[PDB]
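Observations on the three-dimensional arrangement
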Amino acid sequence: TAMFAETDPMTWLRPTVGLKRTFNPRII
Amino acid sequence: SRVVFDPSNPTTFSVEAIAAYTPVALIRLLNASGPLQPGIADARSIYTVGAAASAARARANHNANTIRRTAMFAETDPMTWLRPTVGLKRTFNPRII
Amino acid sequence: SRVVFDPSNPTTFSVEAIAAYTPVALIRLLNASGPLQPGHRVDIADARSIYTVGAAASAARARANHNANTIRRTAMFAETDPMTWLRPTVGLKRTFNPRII
Amino acid sequence: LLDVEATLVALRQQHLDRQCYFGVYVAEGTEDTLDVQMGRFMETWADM
Amino acid sequence: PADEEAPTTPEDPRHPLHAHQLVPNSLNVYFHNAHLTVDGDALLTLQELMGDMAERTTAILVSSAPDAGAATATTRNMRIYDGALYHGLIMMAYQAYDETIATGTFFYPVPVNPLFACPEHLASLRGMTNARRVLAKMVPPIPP
Amino acid sequence: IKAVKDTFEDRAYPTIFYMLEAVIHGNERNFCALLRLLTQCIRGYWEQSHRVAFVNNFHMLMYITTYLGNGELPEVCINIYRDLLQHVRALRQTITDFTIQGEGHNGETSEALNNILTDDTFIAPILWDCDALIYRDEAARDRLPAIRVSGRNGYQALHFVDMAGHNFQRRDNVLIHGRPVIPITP
Amino acid sequence: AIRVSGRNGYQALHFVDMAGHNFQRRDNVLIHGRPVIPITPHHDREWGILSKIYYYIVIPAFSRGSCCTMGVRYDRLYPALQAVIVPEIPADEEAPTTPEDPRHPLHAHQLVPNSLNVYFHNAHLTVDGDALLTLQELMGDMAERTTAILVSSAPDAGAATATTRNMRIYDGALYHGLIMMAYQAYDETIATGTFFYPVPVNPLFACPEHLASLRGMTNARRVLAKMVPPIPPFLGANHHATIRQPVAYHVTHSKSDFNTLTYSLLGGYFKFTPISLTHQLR
Amino acid sequence: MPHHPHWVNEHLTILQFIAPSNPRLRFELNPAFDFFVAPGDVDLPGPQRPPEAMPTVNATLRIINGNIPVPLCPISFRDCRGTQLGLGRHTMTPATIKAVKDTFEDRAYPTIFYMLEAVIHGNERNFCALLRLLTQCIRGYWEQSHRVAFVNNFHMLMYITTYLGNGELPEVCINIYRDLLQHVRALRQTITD
Amino acid sequence: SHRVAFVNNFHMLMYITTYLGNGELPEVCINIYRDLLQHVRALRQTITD
């Protein structure tokens, strides 16, 4: 998803950071 | 008894069983509109103690395979009247034998 | 005897046959400290000197055994020989090798 | 320093206008929080 | 693994933290920020260090009374005040319009002594467009 | 000088390292354990950009410079640190030999009136331990301590808290001393 | 007038052992024998004179700032390193010292805390067998005593008056004094000051670091010693001689160069001697 | 000592050398002799408790004329000595400057060096072992850090120069040692002639 | 090609400096904008002073 984090409604326990696309997963 | 509505009781064993693959699905399962407040610092304290317990369990599990290093204090042997036993630190590769 | 707290008999015969670090490891593993009630007023010459000289002798014997298979060293004085009537004896170049072959 | 009392009393008698008493009053807290106290202080400074 | 090792660089499938235990979302940003060379010893030391947790941060305000013997008795008006802060850091790099830190979420302004101030860090709270902006722009309030 | 000025003005230094250093400053054993990763991280940072950094931790800088006595890093940052230390020593020597002392009524006052920074009366940017406060109180014999922390005449003194005392519902509670590895002692 | 160890004359000792230890020996110098007990001069004193001259001029000129010396308890630190670590090497086989093979002599298998072994691994640029045999040889030959030498002699009468005839110069020295220039109190692996102790031996070898490293001096004592010279009269002969203040005043206020300092010393080395005056006139 | 001596702190000389004062005159009278206060009825050696003594004046000839007052006019003396000595002399080199800076920066003196000095001061077996292990030691030291260090050990330097003479030491270190030896020899020859 | 590009856009400059900049970049080519931003800051400071 987009790298923007901003804020999340689930702040009761801990803030949620964003997700970046700077990775290339591979099985092998 | 693993109940997400009232996590006051499952604060150690549930977190220990969570490991690392549970929170990924737990975040989606708990969503945003969830009435988990009944049963604001109490939630933070529960989260911190659960994280501490999980870290302690992970450290204990990791130390089982390796050898638990002792303290860095000197005079660790009874024959200490001129100079204690001085050796290698814990920064090397942890091996048993 | 087997207790290493007060070495009085197994100081060299029980250490030459095994590794020299075994008594040190045993001492290190033996608890953390000893009681001060049985103090000694004869300084260290009672048993500590005997233990140290025995350990030194064991280390020297181990070093001699290890160096037996290798080439031993010599002195520094050279150009000395009884057959100086005709010609003197010259030295040898430093061409030592780790392996004989 | 003992001869400045007359000068101080004369200056008090003649008197001059003053401004921004709150900024140099020097006060203290009453065992409050940090973020809320800072926000209240900023609001009071802005509106006073 | 027992009696085994893996390269620090993420180029071998045998690494436990290469693709299986990396996990998405939360750990991706942390890995991108601090993808340094780590191993079992580093992980163990980090876990040991993580066992010490503080409580919060607080500020301490104290004062000292100078020698009250200059003019007479205790009629002097000379005083000296001292400041102290607990769990603080010195920052010299201020972002211009970065969105990494929101308004009053991670970093917030704190009172400082009137010896060496800066307006760049005092405006990190934002929340002002014209009125409070131009108010804070000319006069920087020093705490009493 | 211009290199470090450009590095400071770049505004690209993350605060995570500073926060970690601040957290670990209170645990000597933890710092010693983490030095193994710290050396690798600083080597990687130097390889990425040989420009020097980490100037907000004098104790950490001196510790790493004294520990790095082998020569595993180029003598650039070490050379700059040595030059700065030599300049500081020269300034201290000039200050000491440009003035004289000996006169005193009930305490040390010559250096306090000369440079001020030697005395404990001068303020500090950030306080870490209570040893500085204890030394200031001990040296403040001629000065009456007007302690007015939150209106209280005296300040609370306590040792480190355990894992069960992490409650956040407390007010006016300081955190001094600690458990790097015991009564209160400087 | 020889006054070594506060007595007249000196003796010699052979290879000592653990059956003749004497920690309170008086008037006994250690030479560890002489294979080549008769005493004969085997080495020329010119080298010693040159070494003393170098220690007296060029070394202080180079390291005038931040210079200090201190000793350690040799009699308490010598019989404490009795250890030996060596693997088994077969005939016609190599013994690599690289820290990669599992057969390393100092591998992380079973050891003790602190950092002596890691320091040895860092400074492993030498061989292990030679160090082991050197330690074994040094085990049977150690120094368990220390003393100071205070000489006193009158070369000649500088003046016809009897006041200058009864005068006698005094020089202070410390035998078996190890040279320790740098000393930092940041050793967390051992107790601070448990074995080391600072002691001035030269008026120019006084530094505030050594005085403050004792951890037994109060602030008032430190500030008092920072103003007056703390060199003992029997160890440095500061106030005993005529040049007490200027010898340090000029060396502290010069701070220009080594060449300038040496030139000033050469200029001021023209003593009040008739021969020197005649040479200067010539 | 209840009070502090007024003679050790001679920093207040720029005014006492113009205006004579009792503390600066009761001790020094002539530039050829030095007068000092008599001890407290204690001889050499004496007891720990000094009894009450009587004042006296003792004249002792100065073996070394190092008590000449410098600060009356040091600029002219420095200028004259510079213009009389520093005209066509030896100059330092960047290599030696860098070596001095590196030795100042390191300032370690470790236990290995302490043990090396201890075994060098005197031992037959240690000397005979060093005569063989010196090449390996210097090679390892150079490969760990080619920086020049531990030059003050003249005994080990002369031992190395007398034993190892087959071209094993680095050429830079050999050249540095040769030029410093030549400079010190020239200085000694000049000071003797 | 021993040449640099992307010198006619300002919106993307902030994004690349905030995201791409981590440390593992060639300092011999990313320092071109450093002088420009230093000059911009200097002129802003002189204007506001």
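Its PDB record attributes the structure to cryo-EM, giving the resolution as 8.3 Å.

**So, the overall build of chain D**
When helices and strands are counted, chain D shows two helices and zero strands. With respect to the principal axes defined by its C-alpha atoms, chain D has extents near 45 × 25 × 10 Å.

**Here's the deal with the interface of chain E and chain B**
On the side of chain B, 12 residues touch chain E, which itself brings nine residues to the contact. With both sides pooled, the region where chain E packs onto chain B buries about 850 Å², and carbon together with sulfur makes up 62% of that total. By the criterion of area lost to chain B, the three top residues of chain E are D41, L44 and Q47 of chain E, representing 51% of everything that side buries. Between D3 of chain E and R95 of chain B there is a salt bridge whose closest N-O contact spans 3.7 Å. At the boundary of chain E and chain B, one finds one residue pair in polar contact. Looking at the side of chain E that touches chain B residue by residue, the class counts come to six nonpolar, one polar and two charged.

**Quick look at the packing of helix α4 (residues 124–144) of chain H against helix α5 (residues 154–163) of chain H**
Residue and element names in this part refer to chain H. Packing of α4 against α5 leaves a shortest axis separation of 11 Å and a crossing angle of 85 degrees. With respect to their mutual orientation, α4 and α5 come out roughly perpendicular. Of α5, the residues touching α4 (which contributes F127, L131, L134 and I138) are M156, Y159, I160 and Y163. The residue inventory of the contact of α4 with α5, partitioned by class, reads eight nonpolar, no polar and no charged.

**Quick notes on the state of the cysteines**
This model, assessed by the stated rule, comprises one disulfide over all chains. Here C68 of chain G engages in a disulfide with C207 of chain G; their sulfurs sit 2.0 Å apart. Judged by the sign of its S-S torsion, about -125 degrees, the cystine formed by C68 of chain G and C207 of chain G is left-handed. One end of the pair, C68 of chain G, is in the loop between α2 (58–62) and β1 (70–72); the other, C207 of chain G, is in the loop between β4 (196–198) and α6 (208–212), and 139 residues separate them in sequence. Across the pair, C207 of chain G and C68 of chain G agree in class, each one buried. Of all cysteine sulfurs in the structure, the one in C73 of chain H sits closest to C80 of chain H, which takes part in no disulfide; the separation is 9.7 Å.

**Describing the interface of chain H and chain G**
At the interface, 62 residues of chain H touch 58 residues of chain G. If you list the elements that add at least two residues to the side of chain H that touches chain G, you get β1 (33–36), β2 (58–61), α1 (74–85), α2 (94–106), α3 (111–121), α4 and α6 (171–192) of chain H. Among the elements that take part in the side of chain H that touches chain G, α4 of chain H stands out by supplying 11 residues, more than any other. For the side of chain H that touches chain G, the per-class residue count stands at 32 nonpolar, 18 polar and 12 charged.

**What about the packing of helix α2 (residues 35–47) of chain D against helix α4 (residues 131–138) of chain E?**
In the contact formed by α2 of chain D and α4 of chain E, the axes pass within 12 Å of each other and the chain directions differ by 90 degrees. Regarding the angle of α2 of chain D to α4 of chain E, the classification is roughly perpendicular. Along the contact surface, α2 of chain D presents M42, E43, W45 and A46 of chain D, while α4 of chain E presents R132, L135 and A136 of chain E. Among the residues forming the contact of α2 of chain D with α4 of chain E, the class breakdown is five nonpolar, no polar and two charged.

**Some points on the arrangement of the chains**
For the 17 pairs of chains in contact, the largest share of contacts goes to chains G and H. Over all C-alpha pairs, chain D and chain H never come within contact, reaching a minimum spacing of 32 Å.

**Thoughts on unusual backbone geometry**
In this model, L44 of chain H is joined to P45 of chain H through a cis peptide bond whose omega is 0 degrees. Its location among the elements puts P45 of chain H in the loop between β1 and β2. Backbone geometry at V26 of chain D places phi at a positive 65 degrees, although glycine is not the residue there. Considering the arrangement of structural elements, one finds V26 of chain D in the loop between α1 (5–14) and α2.

**Describing the sheet that holds strand β2 (residues 80–85) of chain E**
Read across the sheet, three strands follow the order β2(E)-β1(E)-β1(F) without closing on themselves; strand pairing throughout is antiparallel. Looking at strand neighbours, the two that pair on one side only are β2 of chain E together with β1 (144–146) of chain F, the edges of this open sheet. Each adjacent strand pair in this sheet contributes to an overall mean axis angle of 30 degrees, direction not counted. Judged from the six bridges that link them, strand β1 (residues 59–65) of chain E and β2 of chain E form a sheet pairing that is antiparallel. Considered in β2 of chain E, the bridge of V62 of chain E is made with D82 of chain E.

**A look at the pattern of salt bridges**
This structure, assessed with the given rule, holds 18 salt bridges over all chains. The shortest N-O distance in the salt bridge between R152 of chain F and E31 of chain D comes to 3.9 Å. In this pair, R152 of chain F sits in the segment after β1 while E31 of chain D sits in the loop between α1 and α2, so the two residues belong to two different chains. Since its relative accessible area comes to 40%, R152 of chain F is described here as partly exposed. Residue class for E31 of chain D comes out partly exposed when judged on its relative accessible area of 39%. Here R136 of chain F and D137 of chain F are joined by a salt bridge, their closest N and O atoms 3.4 Å apart. Under the relative-accessibility criterion, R136 of chain F is labelled buried at 13%. When its relative accessible area of 30% is taken as the criterion, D137 of chain F is described as partly exposed.

Each value, and the rule that gives it
- Residues numbered from 1 in each chain as written, not as in the entry; some residues may be left out.
- Chains lettered and ligands numbered in written order.
- Part of a larger assembly, values for the part shown.
- Heavy atoms only, no water.
- Residues with missing side-chain atoms left out of burial classes, pairs and counts.
- Helix = DSSP H or I, 4+ residues; strand = E, 2+ residues; numbered from the N terminus.
- Contact = heavy atoms within 4.5 Å.
- Buried area = accessible area lost by both parts, 1.4 Å probe.
- Salt bridge = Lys/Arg side-chain N within 4 Å of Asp/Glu carboxyl O.
- Polar contact = N/O pair within 3.5 Å; in protein donor to acceptor, adjacent residues only side chain to side chain.
- Nonpolar A, V, L, I, M, F, W, Y, C, P; charged D, E, K, R; others polar.
- Axes fitted to C-alpha atoms, helices over the stretch in contact; angles between N-to-C directions.
- Parallel < 35°, antiparallel > 145°, perpendicular 65-115°, else oblique.
- Disulfide = S-S within 2.5 Å.
- Buried < 20%, exposed > 50% of the residue type's maximum accessible area, 1.4 Å probe, protein only.
- Pairing = 2+ DSSP bridges.

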